[PDB]
Each structure stands twice: as structure tokens, then as C-alpha cells.
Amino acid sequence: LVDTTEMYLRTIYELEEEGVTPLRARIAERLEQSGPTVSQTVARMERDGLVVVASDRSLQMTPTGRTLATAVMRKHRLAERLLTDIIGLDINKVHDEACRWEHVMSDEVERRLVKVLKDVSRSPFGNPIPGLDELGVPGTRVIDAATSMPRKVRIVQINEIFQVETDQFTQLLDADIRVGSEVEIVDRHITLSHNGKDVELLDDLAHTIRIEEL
């Protein structure tokens, strides 16, 4: 989704990167949007809790806004690597194309690109590709990762230390499902199978076990 908000956020990120103070006017200039439009948009983002306007009037991304800004720059740069490395688009066109693709590239495509690209260190233009750690290239909660259709996946964390109920502990041990294991999930209650042993989980386990997509 080509968010106006994702464009303001990546712009702030970009200026910061250049060592420029993210003032509203520089942002207006960079986005070729009038001062009145940027105030409008910034006022909105503030309500969304994505940016605060500092004492010196500069814009400061909140942790949630920074995270989203980083995700966008990551997508932008992965798209550029894709564009030059595989597609072979004219180098002179690459940045403008990626500016559009950054809004519609999913996290899944990005994981694939980290896999097929020979190097995701920098963009073709000399800047490091950020947010790779957060892309996961800990993990998605089983509750969010399982679906009506089973699929294998990797166990990242069992989080038993956070468990109040422990009667499922030995099931996991018997089904040889530990951290770093490749099991198969599915929504139905959620049941993660492995070692030929299906393990149906209770709310608490499903809400705390994290699995990295295979």
C-alpha cells in the first residue's frame, strides 16, 4: 500500500542518513509537497504516534515510526538490488522504480530476495540495507503462523520459562520438538506435528512459542 505516511517516514530516515536535520521544510522540499500539506500530514502522523515534533521543530520518529521507516528503506533497497542485479533495469531508472516498489513489496518477497540475491549489504547506490535483522534474515507467534493449511516451519523459541501450565512440556519433549526444530503447523485448535507426533497446543503455548518461517 502506497502510504503517504510511509513516504514521509522514509524521507525522514533518508535525511537523517545524510546527516540532515529532518525539518519540515526540507521534507517538503524533498517530497515536493507544500509546507501546508506537510504540516497537515505531520499533524496526522503525530496522532498516530509515529513522529514527534521536537523543541527545535525537527521531526523525530518514535520507535514505532522508525521501525516502519526502516522496513520501507529495506524494501526499497532490496528492490534496487533486484532491479539491477536480476532485472537489469537502466541504472538511471532504478531509484525511481524502487520508490514505488517499496510500498508494495511484501516481507515474504524480501526474504526470498535475501535468498536469491548474491549480496544484500548495500544498495546499488552505496547505502547499507537496514532492518535485515528484523526481517528475520524472535519469530512469529504460532497463533499467527498456523493456518487451515499445514506447512513446515522452524521452531525458534518455546518460551517455557513464561509458562504457567506445564503439562504440555513432556509432549513437546516426546515429539522431539525443541528450539531449532523443523515441525509442521496448522490452525484448526493449533496442532504442530513432528516426529510423527501431532501436538495440539493450548492458548498459552500457541501465544508464546515463536516459529521462523521455512
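Residue indices: 1-based, along the sequence shown.
Q: So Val137 and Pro138 are neighbours in the shown sequence, but is anything from the deposited sequence left out between them? Give the count as none, 1 to 3, 4 to 9, or 10 or more.
A: Gap size class: 4 to 9 residues without coordinates, per the record.
Q: Does the chain run continuously from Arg188 to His189, or are deposited residues unmodelled in between? Answer none, 1 to 3, 4 to 9, or 10 or more.
A: In the record, 1 to 3 residues between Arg188 and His189 lack coordinates.
Q: Would 117 to 125 or 71 to 79 have the larger average of its C-alpha temperature factors, as given in the entry?
A: Between 71 to 79 and 117 to 125, it is 117 to 125 that shows the higher mean C-alpha B-factor.
Q: Which has the higher mean CA temperature factor in the PDB entry, 12 to 20 or 198 to 206?
A: Going by the record's values, the stretch with the higher mean is 198 to 206.
Q: In terms of CA temperature factor as recorded, identify the highest of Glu29, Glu182, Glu46, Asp174.
A: The record points to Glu182.
Q: Using the entry's values, work out which of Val38, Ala146, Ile161, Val52 has the largest Cα B factor.
A: Highest C-alpha B-factor among the listed options: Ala146.
Q: Relative to the other modelled residues of the same chain, rank the CA B-factor of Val142 and answer lowest, middle or highest third.
A: Top third by C-alpha B-factor.
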